[PDB]
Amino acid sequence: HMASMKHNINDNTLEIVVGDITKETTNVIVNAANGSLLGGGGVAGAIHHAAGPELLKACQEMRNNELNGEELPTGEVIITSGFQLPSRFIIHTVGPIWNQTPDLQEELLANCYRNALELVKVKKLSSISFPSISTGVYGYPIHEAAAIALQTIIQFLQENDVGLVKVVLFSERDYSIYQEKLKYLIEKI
């Protein structure tokens, strides 16, 4: 059952939608990766499959050249082409491992969103879709992650002109959680 909602934040639009992020026609989609940039869970696989094999090659080059063979640190971002995807670019990020660094993980998760949005702003890209970063069966609790995600996006869109930001959720359950949290956040502006 397809569902979405939109709320304007100054001249920006924030949308939450049930959907397959690989099919988004926003200029940018976000891949929540492992630090190698070669894998990751859930959407990562689907993104690599849908983008084609040139993506993995572009990730390997980023790893070799810009990252000097190192993992992308948690909360940072890099950008590649989208290759076969209907989106033009992929911003790749690494979300924190839930309870690895309890006192830093809220900021680190926030960083994924804020660094992605800054890049979009600097590069004058006008639309971006995020997946649910770091969530999953062995991961960050959806209720707290959703709150950090929306809070961070709302605060950024209050202070910056960006355009359209989507949160694309494959799970109806997750969408409903984002919907409640968003209502709660918009009334208490």
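Numbers for residues come from their place in the sequence shown, where the first is 1.
**Asked** Checking the entry, which one of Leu85, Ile91, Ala110, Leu72 has the top C-alpha B factor?
**Response** Highest C-alpha B-factor among the listed options: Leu85.
**Message:** Where does the C-alpha B-factor of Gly45 rank in its chain, lowest, middle or highest third?
**Reply:** As the PDB entry reports it, the C-alpha B-factor of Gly45 lands in the middle third of its chain.
**Asked** Relative to the other modelled residues in the chain, which third contains the C-alpha temperature factor of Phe156: lowest, middle or highest?
**Response** It falls in the middle third of the chain.
**Prompt:** Which third, lowest, middle or highest, does the CA B-factor of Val17 fall in along this chain?
**Reply:** Middle third - that is where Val17 ends up once the chain's C-alpha B-factors are sorted.
**Message:** Taking only the Cα B-factors deposited for this chain, tell me whether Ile9 sits in the lowest, middle or highest third.
**Reply:** Its C-alpha B-factor, which the entry lists for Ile9, ranks in the highest third among residues of this chain.
**Message:** Lowest, middle or highest third: which one holds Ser134 when the chain's residues are ordered by CA B-factor from the entry?
**Reply:** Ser134: CA B-factor falls in the lowest third of its chain.
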